[PDB]
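**Q** Pasting in a structure now, in structure tokens, and then I'll have a few things to ask.
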Amino acid sequence: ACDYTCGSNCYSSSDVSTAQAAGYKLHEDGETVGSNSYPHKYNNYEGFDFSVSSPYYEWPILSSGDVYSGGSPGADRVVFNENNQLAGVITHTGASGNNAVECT
Ligand SMILES: Nc1nc2c(ncn2[C@@H]2O[C@H](CO)[C@@H](O)[C@H]2OP(=O)(O)O)c(=O)[nH]1
Ligand SMILES: [Ca+2]
């Protein structure tokens, strides 16, 4: 079973932790990757009830299991905060335009 399911993509807690560590590492170094500059602030326009405090940052999580290193970020994102706490896993899949929904 998936710990997080973003559309058709299935993620385990281990996939999420691995992606989160990568994103957070770049964040503490003031570094960014990809044409879209990841990680970057996640504004929470959707107003998800993250139990973890802001500010929030998003980083891509890939269905291939690889850690994001530039190139196509796909539609899935791990969201974490300043304390390296997981806020949630979200996706653009199944959401109109640039909106996002949570992975269930
Ligand atoms: N849907 C959504 N996108 C956000 C938010 N904060 C940052 N973004 C990013 O801003 C872009 C334009 O709104 C989005 O496509 C998304 O980038 P990602 O593609 O990196 O997820 C947010 O709170 N909601
Ligand atoms: Ca996996």
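Ordering of the structure tokens sets the chain letters (A, B, ...), residue numbers begin anew at 1 in every chain, and ligands are numbered from 1 in the order given.
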Residues within 9 Å of segment 52-65 of chain A, please, as a PyMOL selection string. Count only C-alpha atoms; anything in the same chain fewer than 6 positions from it doesn't count.

**A** chain A and resi 9-11+15-16+18-20+22-24+27+38-44+73-83+85-89

**Q** For N, CA, C and O atoms, I'd like the residues from the last selection saved as a short mmCIF file (atom, residue, chain, number, x, y, z; two decimals), in the first residue's frame.

**A**
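Full text of part_10.cif as output:
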```
data_model
loop_
_atom_site.label_atom_id
_atom_site.label_comp_id
_atom_site.auth_asym_id
_atom_site.auth_seq_id
_atom_site.Cartn_x
_atom_site.Cartn_y
_atom_site.Cartn_z
N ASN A 9 0.79 8.00 -8.94
CA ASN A 9 2.09 7.78 -8.30
C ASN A 9 1.95 7.33 -6.84
O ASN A 9 1.18 7.90 -6.06
N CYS A 10 2.72 6.31 -6.49
CA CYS A 10 2.69 5.70 -5.16
C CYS A 10 4.02 5.92 -4.45
O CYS A 10 5.08 5.55 -4.96
N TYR A 11 3.94 6.52 -3.27
CA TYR A 11 5.10 6.81 -2.47
C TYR A 11 5.04 6.20 -1.08
O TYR A 11 3.98 6.10 -0.47
N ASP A 15 10.41 7.08 0.63
CA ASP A 15 10.58 7.89 -0.59
C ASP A 15 10.50 9.35 -0.19
O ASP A 15 11.31 10.16 -0.63
N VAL A 16 9.51 9.67 0.64
CA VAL A 16 9.28 11.03 1.11
C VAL A 16 10.44 11.54 1.95
O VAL A 16 10.91 12.65 1.71
N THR A 18 13.61 10.61 1.92
CA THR A 18 14.76 10.73 1.06
C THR A 18 14.70 12.03 0.23
O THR A 18 15.69 12.78 0.15
N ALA A 19 13.52 12.32 -0.34
CA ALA A 19 13.32 13.54 -1.11
C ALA A 19 13.43 14.76 -0.18
O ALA A 19 14.10 15.77 -0.50
N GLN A 20 12.81 14.68 0.99
CA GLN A 20 12.83 15.77 1.94
C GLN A 20 14.26 16.14 2.35
O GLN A 20 14.61 17.33 2.39
N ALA A 22 17.01 15.78 0.75
CA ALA A 22 17.68 16.41 -0.39
C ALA A 22 17.31 17.88 -0.49
O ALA A 22 18.19 18.76 -0.62
N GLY A 23 15.99 18.15 -0.45
CA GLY A 23 15.47 19.50 -0.55
C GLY A 23 15.91 20.37 0.59
O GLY A 23 16.36 21.50 0.38
N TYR A 24 15.84 19.83 1.80
CA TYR A 24 16.25 20.58 2.96
C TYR A 24 17.74 20.91 2.93
O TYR A 24 18.13 22.04 3.26
N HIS A 27 18.22 23.85 0.79
CA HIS A 27 17.66 25.01 1.49
C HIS A 27 18.63 25.60 2.55
O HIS A 27 18.83 26.82 2.61
N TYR A 38 14.43 24.88 -7.46
CA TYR A 38 13.96 24.10 -6.30
C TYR A 38 15.11 23.93 -5.30
O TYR A 38 16.26 23.73 -5.69
N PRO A 39 14.81 23.95 -4.00
CA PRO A 39 13.47 24.17 -3.46
C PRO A 39 13.10 25.65 -3.46
O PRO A 39 13.96 26.53 -3.60
N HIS A 40 11.81 25.94 -3.37
CA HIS A 40 11.34 27.31 -3.31
C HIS A 40 10.13 27.39 -2.41
O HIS A 40 9.48 26.38 -2.13
N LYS A 41 9.82 28.58 -1.94
CA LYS A 41 8.71 28.77 -1.03
C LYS A 41 7.38 28.24 -1.54
O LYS A 41 7.03 28.42 -2.70
N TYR A 42 6.68 27.54 -0.66
CA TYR A 42 5.36 27.05 -0.97
C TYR A 42 4.45 27.99 -0.15
O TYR A 42 4.56 28.06 1.09
N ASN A 43 3.61 28.74 -0.84
CA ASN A 43 2.73 29.74 -0.20
C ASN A 43 1.48 29.24 0.53
O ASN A 43 0.94 29.93 1.40
N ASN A 44 1.08 28.02 0.23
CA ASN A 44 -0.11 27.41 0.82
C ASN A 44 -1.38 28.18 0.44
O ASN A 44 -2.20 28.45 1.30
N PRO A 73 10.53 18.28 -13.18
CA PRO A 73 10.16 17.97 -11.80
C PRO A 73 8.93 17.11 -11.64
O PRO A 73 8.64 16.67 -10.55
N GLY A 74 8.21 16.85 -12.73
CA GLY A 74 6.99 16.08 -12.63
C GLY A 74 5.91 16.91 -11.94
O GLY A 74 6.00 18.12 -11.86
N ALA A 75 4.91 16.25 -11.37
CA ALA A 75 3.81 16.95 -10.72
C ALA A 75 3.74 16.85 -9.21
O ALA A 75 2.95 17.56 -8.59
N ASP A 76 4.59 16.03 -8.60
CA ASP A 76 4.52 15.79 -7.16
C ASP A 76 5.55 16.57 -6.38
O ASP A 76 6.66 16.79 -6.85
N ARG A 77 5.16 16.98 -5.17
CA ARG A 77 6.02 17.78 -4.30
C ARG A 77 5.93 17.40 -2.84
O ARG A 77 4.85 17.06 -2.34
N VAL A 78 7.08 17.40 -2.18
CA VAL A 78 7.17 17.21 -0.75
C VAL A 78 7.25 18.66 -0.21
O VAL A 78 7.88 19.54 -0.84
N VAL A 79 6.52 18.94 0.85
CA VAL A 79 6.52 20.27 1.43
C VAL A 79 7.08 20.15 2.84
O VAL A 79 6.63 19.30 3.61
N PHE A 80 8.08 20.96 3.16
CA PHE A 80 8.70 20.92 4.47
C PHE A 80 8.93 22.34 5.01
O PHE A 80 8.83 23.31 4.26
N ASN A 81 9.23 22.46 6.29
CA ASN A 81 9.45 23.81 6.83
C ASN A 81 10.90 24.08 7.25
O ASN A 81 11.80 23.24 7.01
N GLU A 82 11.12 25.23 7.87
CA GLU A 82 12.45 25.65 8.35
C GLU A 82 13.14 24.68 9.30
O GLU A 82 14.35 24.65 9.38
N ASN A 83 12.35 23.94 10.09
CA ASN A 83 12.88 22.96 11.05
C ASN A 83 13.07 21.59 10.45
O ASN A 83 13.31 20.63 11.17
N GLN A 85 10.75 19.77 9.09
CA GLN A 85 9.59 18.99 9.46
C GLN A 85 8.74 18.83 8.21
O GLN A 85 8.63 19.76 7.42
N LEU A 86 8.17 17.64 8.02
CA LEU A 86 7.34 17.37 6.86
C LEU A 86 5.99 18.01 7.11
O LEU A 86 5.41 17.86 8.19
N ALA A 87 5.54 18.82 6.17
CA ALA A 87 4.24 19.47 6.29
C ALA A 87 3.23 18.59 5.58
O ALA A 87 2.18 18.26 6.13
N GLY A 88 3.60 18.14 4.38
CA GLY A 88 2.72 17.28 3.59
C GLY A 88 3.29 16.91 2.23
O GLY A 88 4.39 17.29 1.87
N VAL A 89 2.52 16.16 1.47
CA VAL A 89 2.92 15.74 0.14
C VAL A 89 1.75 16.20 -0.72
O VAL A 89 0.58 15.87 -0.43
#
```

**Q** Work out how far apart atom CA of residue 34 of chain A and atom 4 (C, counted along the ligand's line) of ligand 1 are and give it in Å to one decimal.

**A**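 Interatomic distance, atom CA of residue 34 of chain A to atom 4 (C, counted along the ligand's line) of ligand 1: 15.8 Å.
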
**Q** Please report, as JSON, numbers by chain, each residue of chain A to which DSSP assigns alpha helix (DSSP H) when run on this structure's backbone.

**A** {"A": [13, 14, 15, 16, 17, 18, 19, 20, 21, 22, 23, 24, 25, 26, 27, 28, 29]}

**Q** Which residue out of A:66, A:50, A:45, A:37 has the minimum interatomic distance to ligand 2 when only C-alpha atoms and all ligand atoms are used?

**A**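 Counting only C-alpha atoms and all ligand atoms, the residue closest to ligand 2 is A:66.
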
**Q** Could you pull out the residues in chain A that DSSP calls strand (DSSP E) from the backbone, as a VMD selection string?

**A** chain A and resid 4 to 6 9 to 11 40 to 42 56 to 60 76 to 81 86 to 91 101 to 102

**Q** One decimal, in Å: what's the spacing between atom CA of residue 101 of chain A and atom CA of residue 71 of chain A?

**A**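 Going from atom CA of residue 101 of chain A over to atom CA of residue 71 of chain A covers 22.6 Å.
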
**Q** Pick the closest to ligand 1 from A:13, A:93, A:69, A:36: which is it, counting only C-alpha atoms and all ligand atoms?

**A**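 Once distances to ligand 1 are computed over only C-alpha atoms and all ligand atoms, the minimum belongs to A:36.
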
**Q** Name all residues at most 10 Å from residue 94 of chain A (count only C-alpha atoms; drop same-chain ones fewer than 4 positions away) and give them as JSON, numbers by chain.

**A** {"A": [6, 7, 75, 99, 100, 101, 102]}

**Q** Could you turn the residues from that selection into a file that holds N, CA, C and O atoms, as a PDB file, in the first residue's frame?

**A**
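Full text of again-v4.pdb as output:
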```
ATOM      1  N   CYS A   6      -0.273  10.161  -5.062  1.00  0.00           N
ATOM      2  CA  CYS A   6      -0.432  11.378  -5.835  1.00  0.00           C
ATOM      3  C   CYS A   6      -0.865  10.928  -7.209  1.00  0.00           C
ATOM      4  O   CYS A   6      -0.037  10.537  -8.029  1.00  0.00           O
ATOM      5  N   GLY A   7      -2.163  10.964  -7.450  1.00  0.00           N
ATOM      6  CA  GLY A   7      -2.696  10.532  -8.736  1.00  0.00           C
ATOM      7  C   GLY A   7      -2.424   9.044  -8.891  1.00  0.00           C
ATOM      8  O   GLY A   7      -2.893   8.225  -8.097  1.00  0.00           O
ATOM      9  N   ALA A  75       4.912  16.250 -11.372  1.00  0.00           N
ATOM     10  CA  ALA A  75       3.808  16.947 -10.721  1.00  0.00           C
ATOM     11  C   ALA A  75       3.742  16.851  -9.207  1.00  0.00           C
ATOM     12  O   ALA A  75       2.954  17.557  -8.587  1.00  0.00           O
ATOM     13  N   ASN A  99      -2.924  24.850  -9.563  1.00  0.00           N
ATOM     14  CA  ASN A  99      -3.375  24.500  -8.238  1.00  0.00           C
ATOM     15  C   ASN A  99      -2.817  23.164  -7.819  1.00  0.00           C
ATOM     16  O   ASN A  99      -2.284  22.400  -8.629  1.00  0.00           O
ATOM     17  N   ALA A 100      -3.018  22.849  -6.562  1.00  0.00           N
ATOM     18  CA  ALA A 100      -2.504  21.609  -6.067  1.00  0.00           C
ATOM     19  C   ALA A 100      -3.506  20.979  -5.139  1.00  0.00           C
ATOM     20  O   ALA A 100      -4.379  21.652  -4.615  1.00  0.00           O
ATOM     21  N   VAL A 101      -3.404  19.669  -4.984  1.00  0.00           N
ATOM     22  CA  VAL A 101      -4.252  18.918  -4.070  1.00  0.00           C
ATOM     23  C   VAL A 101      -3.306  18.071  -3.217  1.00  0.00           C
ATOM     24  O   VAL A 101      -2.147  17.861  -3.584  1.00  0.00           O
ATOM     25  N   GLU A 102      -3.766  17.600  -2.070  1.00  0.00           N
ATOM     26  CA  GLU A 102      -2.918  16.761  -1.247  1.00  0.00           C
ATOM     27  C   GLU A 102      -2.937  15.330  -1.774  1.00  0.00           C
ATOM     28  O   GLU A 102      -3.917  14.892  -2.375  1.00  0.00           O
TER      29      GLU A 102
END
```

**Q** Calculated over only C-alpha atoms, which of the candidates A:17, A:51, A:35, A:104 has the smallest distance to residue 4 of chain A?

**A**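 So, comparing all the options, the nearest one is A:104.
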
**Q** Nearest to ligand 2: which of A:95, A:25, A:1, A:47 is it, counting only C-alpha atoms and all ligand atoms?

**A**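 The shortest atom-to-atom distance to ligand 2 comes from A:1.
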
**Q** Restricting the calculation to only C-alpha atoms and all ligand atoms: of A:8, A:14, A:72, A:84, which residue gets closest to ligand 1?

**A**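 For ligand 1, the nearest of the given residues is A:72.
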
**Q** Have a look at A:33, A:2, A:103, A:26 and name the one nearest to ligand 2; count only C-alpha atoms and all ligand atoms.

**A**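 Of A:33, A:2, A:103, A:26, the one nearest ligand 2 is A:2, counting only C-alpha atoms and all ligand atoms.
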